[PDB]
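**Q** First the structure, then my questions, so here it is.
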Amino acid sequence: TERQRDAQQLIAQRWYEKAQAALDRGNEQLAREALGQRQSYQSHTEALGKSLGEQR
Amino acid sequence: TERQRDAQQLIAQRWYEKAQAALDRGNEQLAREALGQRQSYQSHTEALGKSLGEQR
Amino acid sequence: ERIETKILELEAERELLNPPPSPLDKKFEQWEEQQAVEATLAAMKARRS
Amino acid sequence: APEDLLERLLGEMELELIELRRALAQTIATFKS
Amino acid sequence: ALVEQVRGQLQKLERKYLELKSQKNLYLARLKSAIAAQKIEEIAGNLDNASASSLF
Amino acid sequence: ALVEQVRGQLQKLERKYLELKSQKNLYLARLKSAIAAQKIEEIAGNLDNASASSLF
């Protein structure tokens, strides 16, 4: 379970890193869409994050 | 019976936590509806709460 | 046409065993996404500014 | 033994919770149709 | 005039049939629903709700 | 006039056949999809979601 959480945030991080390339120079629209996708992965991280602490 | 009580309040708590996001910024209508739902779950907690003490 | 009847009969059970979310939650889950996107973007537009 | 009946009677209720269950579904189908 | 007239009866009668067919299920379903309700609430009272002498 | 007339029926009837053939698969596929869905979500509730007495 610990390993699976890292991968989900990594994909979210990639979109966060990748979203860190559009908002600059005036392309706000693209950045909004990228963050919208990350919310789906964030939800998995939150659910998995709490479970790992509970299992400890 | 003890376990079942915790789940009911947790759902009520989620609506309470979730209701803690609408009343702010001027959205009073939404908060009212969320609390209305929690009353149904609160009733279960009250009935279950008294029973657990009695069974002790 | 009778095939659609069997399709609907099974699909009719779909909403039963797994009740759909209430309109309140539908009104709310979408409602709260408008803030997470903006709030998350709030730190973005202020950080990259 | 009356104590066995409480197990038996609750068994009978279970049949209804799967008989009434089927009746409700049939109502939805015609509504969709 | 006869062939057109008779076809109208077939057009109307065919319409009335399927309409009658539709209502049959809607009333059979409500028959089972009430019947399927009789034997749960009947025994429920027999157990602990109807009155004294209840098995519970 | 007869030979041309009869060929038109063959032209139309042949067209209607393959058109009917196409829809068959589209409805058989959706039959399996619903059927293939019944036995996963049915047991899922039997395990931990339907209600108390669930095996999980």
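If you're wondering about the labels, chains in the structure tokens are A, B, ... by order shown, residues count from 1 in each chain, ligands from 1 in order shown.
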Using only C-alpha atoms, which protein or nucleic acid residues come within 8 Å of range 33-43 of chain C? Drop anything in the same chain fewer than 5 positions from it, and give the result as a ChimeraX atom specification.
**A** /A:32,35-36,39
**Q** Hey, could you lay chain E over chain F with a least-squares C-alpha fit (all atoms, paired in order) and save it as a PDB file with N, CA, C and O atoms, in the first residue's frame?
**A**
```
ATOM      1  N   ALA E   1     -41.748  -3.332 -67.779  1.00  0.00           N
ATOM      2  CA  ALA E   1     -42.072  -2.715 -66.498  1.00  0.00           C
ATOM      3  C   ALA E   1     -41.986  -3.720 -65.357  1.00  0.00           C
ATOM      4  O   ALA E   1     -41.645  -3.349 -64.228  1.00  0.00           O
ATOM      5  N   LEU E   2     -42.286  -4.989 -65.632  1.00  0.00           N
ATOM      6  CA  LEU E   2     -42.269  -5.998 -64.580  1.00  0.00           C
ATOM      7  C   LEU E   2     -40.846  -6.291 -64.122  1.00  0.00           C
ATOM      8  O   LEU E   2     -40.566  -6.332 -62.917  1.00  0.00           O
ATOM      9  N   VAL E   3     -39.931  -6.498 -65.070  1.00  0.00           N
ATOM     10  CA  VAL E   3     -38.562  -6.855 -64.711  1.00  0.00           C
ATOM     11  C   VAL E   3     -37.893  -5.721 -63.946  1.00  0.00           C
ATOM     12  O   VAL E   3     -37.182  -5.954 -62.961  1.00  0.00           O
ATOM     13  N   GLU E   4     -38.096  -4.479 -64.387  1.00  0.00           N
ATOM     14  CA  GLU E   4     -37.549  -3.346 -63.645  1.00  0.00           C
ATOM     15  C   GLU E   4     -38.225  -3.203 -62.288  1.00  0.00           C
ATOM     16  O   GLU E   4     -37.566  -2.893 -61.288  1.00  0.00           O
ATOM     17  N   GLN E   5     -39.539  -3.424 -62.233  1.00  0.00           N
ATOM     18  CA  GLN E   5     -40.258  -3.299 -60.972  1.00  0.00           C
ATOM     19  C   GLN E   5     -39.762  -4.321 -59.955  1.00  0.00           C
ATOM     20  O   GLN E   5     -39.488  -3.982 -58.799  1.00  0.00           O
ATOM     21  N   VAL E   6     -39.637  -5.583 -60.372  1.00  0.00           N
ATOM     22  CA  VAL E   6     -39.247  -6.633 -59.436  1.00  0.00           C
ATOM     23  C   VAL E   6     -37.822  -6.413 -58.944  1.00  0.00           C
ATOM     24  O   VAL E   6     -37.508  -6.680 -57.779  1.00  0.00           O
ATOM     25  N   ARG E   7     -36.937  -5.925 -59.817  1.00  0.00           N
ATOM     26  CA  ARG E   7     -35.562  -5.676 -59.395  1.00  0.00           C
ATOM     27  C   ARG E   7     -35.513  -4.632 -58.289  1.00  0.00           C
ATOM     28  O   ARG E   7     -34.693  -4.727 -57.369  1.00  0.00           O
ATOM     29  N   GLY E   8     -36.384  -3.624 -58.363  1.00  0.00           N
ATOM     30  CA  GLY E   8     -36.429  -2.624 -57.310  1.00  0.00           C
ATOM     31  C   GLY E   8     -36.706  -3.234 -55.951  1.00  0.00           C
ATOM     32  O   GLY E   8     -36.101  -2.843 -54.950  1.00  0.00           O
ATOM     33  N   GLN E   9     -37.623  -4.200 -55.896  1.00  0.00           N
ATOM     34  CA  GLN E   9     -37.889  -4.892 -54.639  1.00  0.00           C
ATOM     35  C   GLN E   9     -36.637  -5.599 -54.138  1.00  0.00           C
ATOM     36  O   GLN E   9     -36.303  -5.532 -52.949  1.00  0.00           O
ATOM     37  N   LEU E  10     -35.922  -6.276 -55.039  1.00  0.00           N
ATOM     38  CA  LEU E  10     -34.673  -6.918 -54.649  1.00  0.00           C
ATOM     39  C   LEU E  10     -33.656  -5.887 -54.180  1.00  0.00           C
ATOM     40  O   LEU E  10     -32.936  -6.113 -53.199  1.00  0.00           O
ATOM     41  N   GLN E  11     -33.584  -4.748 -54.869  1.00  0.00           N
ATOM     42  CA  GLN E  11     -32.669  -3.690 -54.453  1.00  0.00           C
ATOM     43  C   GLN E  11     -33.013  -3.186 -53.058  1.00  0.00           C
ATOM     44  O   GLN E  11     -32.125  -3.023 -52.211  1.00  0.00           O
ATOM     45  N   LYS E  12     -34.297  -2.935 -52.797  1.00  0.00           N
ATOM     46  CA  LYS E  12     -34.706  -2.457 -51.480  1.00  0.00           C
ATOM     47  C   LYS E  12     -34.549  -3.541 -50.423  1.00  0.00           C
ATOM     48  O   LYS E  12     -33.998  -3.295 -49.343  1.00  0.00           O
ATOM     49  N   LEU E  13     -35.026  -4.752 -50.716  1.00  0.00           N
ATOM     50  CA  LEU E  13     -34.986  -5.823 -49.727  1.00  0.00           C
ATOM     51  C   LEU E  13     -33.554  -6.164 -49.339  1.00  0.00           C
ATOM     52  O   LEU E  13     -33.255  -6.365 -48.156  1.00  0.00           O
ATOM     53  N   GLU E  14     -32.653  -6.230 -50.320  1.00  0.00           N
ATOM     54  CA  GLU E  14     -31.253  -6.496 -50.008  1.00  0.00           C
ATOM     55  C   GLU E  14     -30.688  -5.415 -49.096  1.00  0.00           C
ATOM     56  O   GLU E  14     -29.950  -5.711 -48.150  1.00  0.00           O
ATOM     57  N   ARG E  15     -31.031  -4.153 -49.363  1.00  0.00           N
ATOM     58  CA  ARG E  15     -30.571  -3.067 -48.506  1.00  0.00           C
ATOM     59  C   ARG E  15     -31.078  -3.240 -47.082  1.00  0.00           C
ATOM     60  O   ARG E  15     -30.324  -3.058 -46.119  1.00  0.00           O
ATOM     61  N   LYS E  16     -32.353  -3.595 -46.929  1.00  0.00           N
ATOM     62  CA  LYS E  16     -32.932  -3.705 -45.597  1.00  0.00           C
ATOM     63  C   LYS E  16     -32.326  -4.860 -44.813  1.00  0.00           C
ATOM     64  O   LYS E  16     -32.315  -4.829 -43.577  1.00  0.00           O
ATOM     65  N   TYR E  17     -31.820  -5.881 -45.503  1.00  0.00           N
ATOM     66  CA  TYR E  17     -31.283  -7.046 -44.808  1.00  0.00           C
ATOM     67  C   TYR E  17     -29.996  -6.699 -44.072  1.00  0.00           C
ATOM     68  O   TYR E  17     -29.906  -6.851 -42.848  1.00  0.00           O
ATOM     69  N   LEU E  18     -28.983  -6.229 -44.804  1.00  0.00           N
ATOM     70  CA  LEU E  18     -27.716  -5.892 -44.167  1.00  0.00           C
ATOM     71  C   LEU E  18     -27.900  -4.827 -43.093  1.00  0.00           C
ATOM     72  O   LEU E  18     -27.214  -4.858 -42.065  1.00  0.00           O
ATOM     73  N   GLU E  19     -28.821  -3.886 -43.307  1.00  0.00           N
ATOM     74  CA  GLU E  19     -29.117  -2.905 -42.271  1.00  0.00           C
ATOM     75  C   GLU E  19     -29.631  -3.588 -41.012  1.00  0.00           C
ATOM     76  O   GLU E  19     -29.218  -3.248 -39.897  1.00  0.00           O
ATOM     77  N   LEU E  20     -30.530  -4.558 -41.172  1.00  0.00           N
ATOM     78  CA  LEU E  20     -30.994  -5.331 -40.025  1.00  0.00           C
ATOM     79  C   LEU E  20     -29.853  -6.128 -39.412  1.00  0.00           C
ATOM     80  O   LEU E  20     -29.763  -6.264 -38.187  1.00  0.00           O
ATOM     81  N   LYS E  21     -28.970  -6.666 -40.256  1.00  0.00           N
ATOM     82  CA  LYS E  21     -27.840  -7.441 -39.759  1.00  0.00           C
ATOM     83  C   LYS E  21     -26.943  -6.597 -38.862  1.00  0.00           C
ATOM     84  O   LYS E  21     -26.461  -7.074 -37.828  1.00  0.00           O
ATOM     85  N   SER E  22     -26.714  -5.338 -39.240  1.00  0.00           N
ATOM     86  CA  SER E  22     -25.797  -4.491 -38.486  1.00  0.00           C
ATOM     87  C   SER E  22     -26.278  -4.293 -37.056  1.00  0.00           C
ATOM     88  O   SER E  22     -25.494  -4.384 -36.104  1.00  0.00           O
ATOM     89  N   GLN E  23     -27.573  -4.021 -36.883  1.00  0.00           N
ATOM     90  CA  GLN E  23     -28.095  -3.722 -35.556  1.00  0.00           C
ATOM     91  C   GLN E  23     -28.038  -4.922 -34.624  1.00  0.00           C
ATOM     92  O   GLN E  23     -27.992  -4.740 -33.403  1.00  0.00           O
ATOM     93  N   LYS E  24     -28.041  -6.140 -35.168  1.00  0.00           N
ATOM     94  CA  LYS E  24     -28.067  -7.329 -34.322  1.00  0.00           C
ATOM     95  C   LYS E  24     -26.875  -7.355 -33.374  1.00  0.00           C
ATOM     96  O   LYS E  24     -27.033  -7.550 -32.162  1.00  0.00           O
ATOM     97  N   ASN E  25     -25.669  -7.162 -33.908  1.00  0.00           N
ATOM     98  CA  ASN E  25     -24.478  -7.193 -33.068  1.00  0.00           C
ATOM     99  C   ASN E  25     -24.506  -6.074 -32.038  1.00  0.00           C
ATOM    100  O   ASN E  25     -24.129  -6.275 -30.877  1.00  0.00           O
ATOM    101  N   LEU E  26     -24.959  -4.886 -32.443  1.00  0.00           N
ATOM    102  CA  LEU E  26     -24.977  -3.747 -31.535  1.00  0.00           C
ATOM    103  C   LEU E  26     -25.856  -3.996 -30.320  1.00  0.00           C
ATOM    104  O   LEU E  26     -25.585  -3.443 -29.249  1.00  0.00           O
ATOM    105  N   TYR E  27     -26.894  -4.817 -30.456  1.00  0.00           N
ATOM    106  CA  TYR E  27     -27.783  -5.133 -29.346  1.00  0.00           C
ATOM    107  C   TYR E  27     -27.348  -6.383 -28.596  1.00  0.00           C
ATOM    108  O   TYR E  27     -27.531  -6.466 -27.377  1.00  0.00           O
ATOM    109  N   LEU E  28     -26.771  -7.358 -29.299  1.00  0.00           N
ATOM    110  CA  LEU E  28     -26.164  -8.494 -28.618  1.00  0.00           C
ATOM    111  C   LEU E  28     -25.003  -8.046 -27.743  1.00  0.00           C
ATOM    112  O   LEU E  28     -24.842  -8.525 -26.614  1.00  0.00           O
ATOM    113  N   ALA E  29     -24.182  -7.125 -28.247  1.00  0.00           N
ATOM    114  CA  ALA E  29     -23.067  -6.618 -27.457  1.00  0.00           C
ATOM    115  C   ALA E  29     -23.567  -5.959 -26.180  1.00  0.00           C
ATOM    116  O   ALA E  29     -23.051  -6.221 -25.086  1.00  0.00           O
ATOM    117  N   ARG E  30     -24.578  -5.099 -26.299  1.00  0.00           N
ATOM    118  CA  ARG E  30     -25.137  -4.450 -25.121  1.00  0.00           C
ATOM    119  C   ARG E  30     -25.866  -5.436 -24.219  1.00  0.00           C
ATOM    120  O   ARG E  30     -26.045  -5.153 -23.030  1.00  0.00           O
ATOM    121  N   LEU E  31     -26.288  -6.583 -24.754  1.00  0.00           N
ATOM    122  CA  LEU E  31     -26.856  -7.624 -23.905  1.00  0.00           C
ATOM    123  C   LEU E  31     -25.781  -8.250 -23.026  1.00  0.00           C
ATOM    124  O   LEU E  31     -25.975  -8.423 -21.817  1.00  0.00           O
ATOM    125  N   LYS E  32     -24.634  -8.592 -23.618  1.00  0.00           N
ATOM    126  CA  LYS E  32     -23.537  -9.141 -22.829  1.00  0.00           C
ATOM    127  C   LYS E  32     -23.007  -8.115 -21.838  1.00  0.00           C
ATOM    128  O   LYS E  32     -22.683  -8.459 -20.696  1.00  0.00           O
ATOM    129  N   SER E  33     -22.910  -6.852 -22.255  1.00  0.00           N
ATOM    130  CA  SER E  33     -22.381  -5.823 -21.368  1.00  0.00           C
ATOM    131  C   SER E  33     -23.206  -5.727 -20.091  1.00  0.00           C
ATOM    132  O   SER E  33     -22.657  -5.698 -18.983  1.00  0.00           O
ATOM    133  N   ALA E  34     -24.532  -5.679 -20.226  1.00  0.00           N
ATOM    134  CA  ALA E  34     -25.383  -5.651 -19.043  1.00  0.00           C
ATOM    135  C   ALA E  34     -25.308  -6.967 -18.279  1.00  0.00           C
ATOM    136  O   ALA E  34     -25.200  -6.971 -17.048  1.00  0.00           O
ATOM    137  N   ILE E  35     -25.366  -8.092 -18.994  1.00  0.00           N
ATOM    138  CA  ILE E  35     -25.253  -9.394 -18.340  1.00  0.00           C
ATOM    139  C   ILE E  35     -23.890  -9.532 -17.678  1.00  0.00           C
ATOM    140  O   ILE E  35     -23.778  -9.961 -16.522  1.00  0.00           O
ATOM    141  N   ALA E  36     -22.831  -9.162 -18.399  1.00  0.00           N
ATOM    142  CA  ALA E  36     -21.487  -9.235 -17.842  1.00  0.00           C
ATOM    143  C   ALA E  36     -21.308  -8.286 -16.667  1.00  0.00           C
ATOM    144  O   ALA E  36     -20.328  -8.408 -15.926  1.00  0.00           O
ATOM    145  N   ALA E  37     -22.219  -7.326 -16.497  1.00  0.00           N
ATOM    146  CA  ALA E  37     -22.144  -6.430 -15.351  1.00  0.00           C
ATOM    147  C   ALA E  37     -22.907  -6.978 -14.156  1.00  0.00           C
ATOM    148  O   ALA E  37     -22.583  -6.648 -13.008  1.00  0.00           O
ATOM    149  N   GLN E  38     -23.914  -7.820 -14.396  1.00  0.00           N
ATOM    150  CA  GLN E  38     -24.797  -8.244 -13.314  1.00  0.00           C
ATOM    151  C   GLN E  38     -24.039  -9.016 -12.243  1.00  0.00           C
ATOM    152  O   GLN E  38     -24.236  -8.788 -11.044  1.00  0.00           O
ATOM    153  N   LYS E  39     -23.163  -9.926 -12.652  1.00  0.00           N
ATOM    154  CA  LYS E  39     -22.566 -10.886 -11.737  1.00  0.00           C
ATOM    155  C   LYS E  39     -21.325 -10.342 -11.016  1.00  0.00           C
ATOM    156  O   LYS E  39     -20.772 -11.035 -10.156  1.00  0.00           O
ATOM    157  N   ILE E  40     -20.896  -9.113 -11.305  1.00  0.00           N
ATOM    158  CA  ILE E  40     -19.771  -8.516 -10.588  1.00  0.00           C
ATOM    159  C   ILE E  40     -20.310  -7.652  -9.457  1.00  0.00           C
ATOM    160  O   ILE E  40     -19.879  -7.774  -8.306  1.00  0.00           O
ATOM    161  N   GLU E  41     -21.254  -6.769  -9.781  1.00  0.00           N
ATOM    162  CA  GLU E  41     -21.812  -5.877  -8.777  1.00  0.00           C
ATOM    163  C   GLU E  41     -22.761  -6.608  -7.840  1.00  0.00           C
ATOM    164  O   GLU E  41     -22.998  -6.139  -6.722  1.00  0.00           O
ATOM    165  N   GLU E  42     -23.310  -7.741  -8.276  1.00  0.00           N
ATOM    166  CA  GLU E  42     -24.146  -8.547  -7.395  1.00  0.00           C
ATOM    167  C   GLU E  42     -23.326  -9.128  -6.251  1.00  0.00           C
ATOM    168  O   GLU E  42     -23.707  -9.022  -5.079  1.00  0.00           O
ATOM    169  N   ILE E  43     -22.195  -9.754  -6.579  1.00  0.00           N
ATOM    170  CA  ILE E  43     -21.344 -10.346  -5.554  1.00  0.00           C
ATOM    171  C   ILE E  43     -20.648  -9.262  -4.740  1.00  0.00           C
ATOM    172  O   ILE E  43     -20.420  -9.426  -3.534  1.00  0.00           O
ATOM    173  N   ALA E  44     -20.297  -8.142  -5.377  1.00  0.00           N
ATOM    174  CA  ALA E  44     -19.647  -7.057  -4.650  1.00  0.00           C
ATOM    175  C   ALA E  44     -20.471  -6.651  -3.437  1.00  0.00           C
ATOM    176  O   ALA E  44     -19.937  -6.491  -2.333  1.00  0.00           O
ATOM    177  N   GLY E  45     -21.779  -6.476  -3.626  1.00  0.00           N
ATOM    178  CA  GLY E  45     -22.647  -6.224  -2.491  1.00  0.00           C
ATOM    179  C   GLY E  45     -22.694  -7.389  -1.527  1.00  0.00           C
ATOM    180  O   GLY E  45     -22.751  -7.194  -0.310  1.00  0.00           O
ATOM    181  N   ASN E  46     -22.656  -8.615  -2.051  1.00  0.00           N
ATOM    182  CA  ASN E  46     -22.658  -9.787  -1.183  1.00  0.00           C
ATOM    183  C   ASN E  46     -21.444  -9.786  -0.262  1.00  0.00           C
ATOM    184  O   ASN E  46     -21.492 -10.347   0.840  1.00  0.00           O
ATOM    185  N   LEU E  47     -20.346  -9.163  -0.693  1.00  0.00           N
ATOM    186  CA  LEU E  47     -19.115  -9.214   0.086  1.00  0.00           C
ATOM    187  C   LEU E  47     -19.113  -8.188   1.213  1.00  0.00           C
ATOM    188  O   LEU E  47     -19.117  -8.553   2.393  1.00  0.00           O
ATOM    189  N   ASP E  48     -19.118  -6.893   0.872  1.00  0.00           N
ATOM    190  CA  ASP E  48     -18.918  -5.864   1.886  1.00  0.00           C
ATOM    191  C   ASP E  48     -19.774  -4.616   1.700  1.00  0.00           C
ATOM    192  O   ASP E  48     -19.622  -3.668   2.481  1.00  0.00           O
ATOM    193  N   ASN E  49     -20.666  -4.573   0.714  1.00  0.00           N
ATOM    194  CA  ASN E  49     -21.374  -3.341   0.375  1.00  0.00           C
ATOM    195  C   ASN E  49     -22.884  -3.432   0.522  1.00  0.00           C
ATOM    196  O   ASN E  49     -23.516  -2.438   0.886  1.00  0.00           O
ATOM    197  N   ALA E  50     -23.490  -4.587   0.241  1.00  0.00           N
ATOM    198  CA  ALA E  50     -24.948  -4.655   0.196  1.00  0.00           C
ATOM    199  C   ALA E  50     -25.566  -4.280   1.539  1.00  0.00           C
ATOM    200  O   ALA E  50     -26.382  -3.355   1.621  1.00  0.00           O
ATOM    201  N   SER E  51     -25.189  -4.987   2.602  1.00  0.00           N
ATOM    202  CA  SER E  51     -25.776  -4.759   3.918  1.00  0.00           C
ATOM    203  C   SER E  51     -25.095  -5.636   4.956  1.00  0.00           C
ATOM    204  O   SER E  51     -24.180  -6.399   4.630  1.00  0.00           O
ATOM    205  N   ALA E  52     -25.527  -5.530   6.209  1.00  0.00           N
ATOM    206  CA  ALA E  52     -25.070  -6.461   7.225  1.00  0.00           C
ATOM    207  C   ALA E  52     -25.378  -7.891   6.789  1.00  0.00           C
ATOM    208  O   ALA E  52     -26.222  -8.135   5.925  1.00  0.00           O
ATOM    209  N   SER E  53     -24.678  -8.842   7.407  1.00  0.00           N
ATOM    210  CA  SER E  53     -24.656 -10.254   7.032  1.00  0.00           C
ATOM    211  C   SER E  53     -23.798 -10.498   5.800  1.00  0.00           C
ATOM    212  O   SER E  53     -23.641 -11.654   5.389  1.00  0.00           O
ATOM    213  N   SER E  54     -23.240  -9.452   5.193  1.00  0.00           N
ATOM    214  CA  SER E  54     -22.341  -9.626   4.062  1.00  0.00           C
ATOM    215  C   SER E  54     -21.086 -10.364   4.508  1.00  0.00           C
ATOM    216  O   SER E  54     -20.577 -10.137   5.610  1.00  0.00           O
ATOM    217  N   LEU E  55     -20.588 -11.249   3.642  1.00  0.00           N
ATOM    218  CA  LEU E  55     -19.503 -12.144   4.030  1.00  0.00           C
ATOM    219  C   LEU E  55     -18.320 -11.382   4.608  1.00  0.00           C
ATOM    220  O   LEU E  55     -17.732 -11.814   5.606  1.00  0.00           O
ATOM    221  N   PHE E  56     -17.966 -10.245   4.009  1.00  0.00           N
ATOM    222  CA  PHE E  56     -16.853  -9.457   4.524  1.00  0.00           C
ATOM    223  C   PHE E  56     -17.156  -8.938   5.923  1.00  0.00           C
ATOM    224  O   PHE E  56     -16.324  -9.040   6.832  1.00  0.00           O
TER     225      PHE E  56
END
```
**Q** Here's a check: after a least-squares fit over all in-order C-alpha atoms, write chain B in the frame of chain A, as a compact mmCIF listing (two decimals) with N, CA and C atoms, in the first residue's frame.
**A**
```txt
# COMPACT_ATOMS: atom_id res chain seq x y z
N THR B 1 0.83 -1.20 0.00
CA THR B 1 0.00 0.00 0.00
C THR B 1 0.86 1.25 0.00
N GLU B 2 1.96 1.23 0.76
CA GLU B 2 2.85 2.39 0.80
C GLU B 2 3.38 2.71 -0.58
N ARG B 3 3.83 1.69 -1.32
CA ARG B 3 4.38 1.92 -2.65
C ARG B 3 3.34 2.51 -3.59
N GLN B 4 2.12 1.98 -3.55
CA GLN B 4 1.09 2.44 -4.48
C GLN B 4 0.79 3.92 -4.30
N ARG B 5 0.84 4.41 -3.07
CA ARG B 5 0.58 5.83 -2.83
C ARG B 5 1.60 6.71 -3.53
N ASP B 6 2.87 6.31 -3.49
CA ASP B 6 3.92 7.13 -4.10
C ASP B 6 3.69 7.30 -5.59
N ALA B 7 3.30 6.23 -6.28
CA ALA B 7 3.09 6.31 -7.72
C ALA B 7 1.97 7.30 -8.06
N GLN B 8 0.87 7.26 -7.31
CA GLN B 8 -0.25 8.14 -7.60
C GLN B 8 0.15 9.61 -7.48
N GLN B 9 0.87 9.95 -6.41
CA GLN B 9 1.33 11.33 -6.27
C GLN B 9 2.36 11.69 -7.32
N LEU B 10 3.17 10.72 -7.74
CA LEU B 10 4.16 10.98 -8.78
C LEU B 10 3.48 11.40 -10.08
N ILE B 11 2.42 10.69 -10.47
CA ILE B 11 1.64 11.12 -11.63
C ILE B 11 1.04 12.49 -11.39
N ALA B 12 0.49 12.71 -10.19
CA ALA B 12 0.00 14.03 -9.84
C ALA B 12 1.13 15.05 -9.86
N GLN B 13 2.30 14.68 -9.35
CA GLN B 13 3.44 15.58 -9.38
C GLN B 13 3.85 15.90 -10.81
N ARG B 14 3.85 14.89 -11.68
CA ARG B 14 4.20 15.13 -13.08
C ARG B 14 3.26 16.15 -13.71
N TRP B 15 1.96 16.01 -13.46
CA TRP B 15 1.02 17.03 -13.91
C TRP B 15 1.27 18.36 -13.21
N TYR B 16 1.68 18.33 -11.95
CA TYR B 16 2.02 19.57 -11.25
C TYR B 16 3.28 20.19 -11.83
N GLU B 17 4.33 19.38 -12.00
CA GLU B 17 5.51 19.87 -12.72
C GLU B 17 5.14 20.27 -14.14
N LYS B 18 4.35 19.45 -14.82
CA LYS B 18 3.96 19.75 -16.19
C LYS B 18 3.02 20.94 -16.24
N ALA B 19 2.16 21.09 -15.24
CA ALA B 19 1.34 22.29 -15.13
C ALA B 19 2.18 23.52 -14.82
N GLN B 20 3.41 23.34 -14.35
CA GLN B 20 4.30 24.46 -14.04
C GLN B 20 4.98 25.02 -15.29
N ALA B 21 4.47 24.68 -16.47
CA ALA B 21 5.05 25.14 -17.73
C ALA B 21 4.06 25.87 -18.62
N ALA B 22 2.77 25.88 -18.27
CA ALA B 22 1.75 26.51 -19.10
C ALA B 22 1.29 27.85 -18.55
N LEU B 23 1.06 27.96 -17.24
CA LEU B 23 0.55 29.20 -16.68
C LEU B 23 1.47 30.38 -16.98
N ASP B 24 2.77 30.13 -17.13
CA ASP B 24 3.70 31.19 -17.46
C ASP B 24 3.47 31.69 -18.88
N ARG B 25 3.82 32.96 -19.10
CA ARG B 25 3.80 33.58 -20.42
C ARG B 25 2.38 33.87 -20.88
N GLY B 26 1.40 33.63 -20.02
CA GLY B 26 0.03 34.01 -20.28
C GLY B 26 -0.92 32.89 -20.68
N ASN B 27 -0.49 31.63 -20.61
CA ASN B 27 -1.35 30.50 -20.97
C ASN B 27 -1.99 29.95 -19.70
N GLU B 28 -3.04 30.64 -19.25
CA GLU B 28 -3.74 30.25 -18.03
C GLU B 28 -4.70 29.10 -18.28
N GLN B 29 -5.34 29.08 -19.45
CA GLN B 29 -6.34 28.06 -19.75
C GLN B 29 -5.76 26.66 -19.60
N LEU B 30 -4.59 26.43 -20.20
CA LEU B 30 -3.99 25.09 -20.16
C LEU B 30 -3.71 24.65 -18.74
N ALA B 31 -3.17 25.55 -17.91
CA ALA B 31 -2.84 25.18 -16.54
C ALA B 31 -4.07 24.73 -15.77
N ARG B 32 -5.21 25.39 -16.01
CA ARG B 32 -6.44 25.01 -15.31
C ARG B 32 -6.81 23.56 -15.61
N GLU B 33 -6.72 23.16 -16.87
CA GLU B 33 -7.10 21.80 -17.24
C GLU B 33 -6.19 20.78 -16.58
N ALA B 34 -4.88 21.05 -16.56
CA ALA B 34 -3.94 20.10 -15.96
C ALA B 34 -4.24 19.88 -14.48
N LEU B 35 -4.48 20.97 -13.74
CA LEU B 35 -4.79 20.82 -12.32
C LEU B 35 -6.10 20.08 -12.11
N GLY B 36 -7.07 20.28 -13.01
CA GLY B 36 -8.32 19.55 -12.89
C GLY B 36 -8.10 18.05 -12.93
N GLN B 37 -7.19 17.59 -13.79
CA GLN B 37 -6.86 16.17 -13.84
C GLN B 37 -6.21 15.71 -12.54
N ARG B 38 -5.34 16.55 -11.96
CA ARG B 38 -4.62 16.14 -10.76
C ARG B 38 -5.56 15.91 -9.59
N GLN B 39 -6.70 16.60 -9.56
CA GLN B 39 -7.64 16.43 -8.46
C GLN B 39 -8.08 14.97 -8.35
N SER B 40 -8.29 14.31 -9.48
CA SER B 40 -8.66 12.90 -9.45
C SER B 40 -7.58 12.07 -8.78
N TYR B 41 -6.31 12.33 -9.11
CA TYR B 41 -5.22 11.59 -8.48
C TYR B 41 -5.03 12.01 -7.03
N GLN B 42 -5.28 13.28 -6.71
CA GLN B 42 -5.18 13.72 -5.32
C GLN B 42 -6.16 12.98 -4.43
N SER B 43 -7.38 12.76 -4.93
CA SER B 43 -8.37 12.05 -4.13
C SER B 43 -7.88 10.66 -3.74
N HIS B 44 -7.26 9.95 -4.68
CA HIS B 44 -6.68 8.65 -4.35
C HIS B 44 -5.60 8.78 -3.28
N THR B 45 -4.75 9.80 -3.40
CA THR B 45 -3.68 9.98 -2.42
C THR B 45 -4.26 10.23 -1.03
N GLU B 46 -5.29 11.06 -0.94
CA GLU B 46 -5.88 11.36 0.36
C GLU B 46 -6.45 10.10 1.00
N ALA B 47 -7.23 9.33 0.24
CA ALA B 47 -7.80 8.10 0.78
C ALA B 47 -6.70 7.12 1.17
N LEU B 48 -5.71 6.94 0.29
CA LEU B 48 -4.61 6.03 0.60
C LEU B 48 -3.74 6.58 1.73
N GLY B 49 -3.54 7.90 1.76
CA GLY B 49 -2.69 8.48 2.79
C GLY B 49 -3.20 8.20 4.19
N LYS B 50 -4.51 8.40 4.40
CA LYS B 50 -5.08 8.16 5.72
C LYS B 50 -5.00 6.68 6.09
N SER B 51 -5.24 5.80 5.12
CA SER B 51 -5.23 4.37 5.41
C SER B 51 -3.86 3.90 5.88
N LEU B 52 -2.80 4.40 5.26
CA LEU B 52 -1.46 3.96 5.64
C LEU B 52 -1.15 4.34 7.09
N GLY B 53 -1.53 5.55 7.50
CA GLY B 53 -1.35 5.93 8.89
C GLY B 53 -2.16 5.06 9.83
N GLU B 54 -3.40 4.75 9.44
CA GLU B 54 -4.24 3.89 10.26
C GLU B 54 -3.63 2.50 10.41
N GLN B 55 -3.15 1.92 9.31
CA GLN B 55 -2.58 0.58 9.37
C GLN B 55 -1.33 0.52 10.23
N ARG B 56 -0.64 1.65 10.42
CA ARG B 56 0.58 1.64 11.21
C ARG B 56 0.29 1.24 12.65
```
**Q** Can you check which residues of chain A DSSP gives as alpha helix (DSSP H) on the backbone and send them as a ChimeraX atom specification?
**A** /A:2-19,28-55
**Q** For chain C, which residues have at least one atom within 8 Å of chain D, if we go by only C-alpha atoms? Write them as a VMD selection string, please.
**A** chain C and resid 5 8 to 9 12 to 13 16
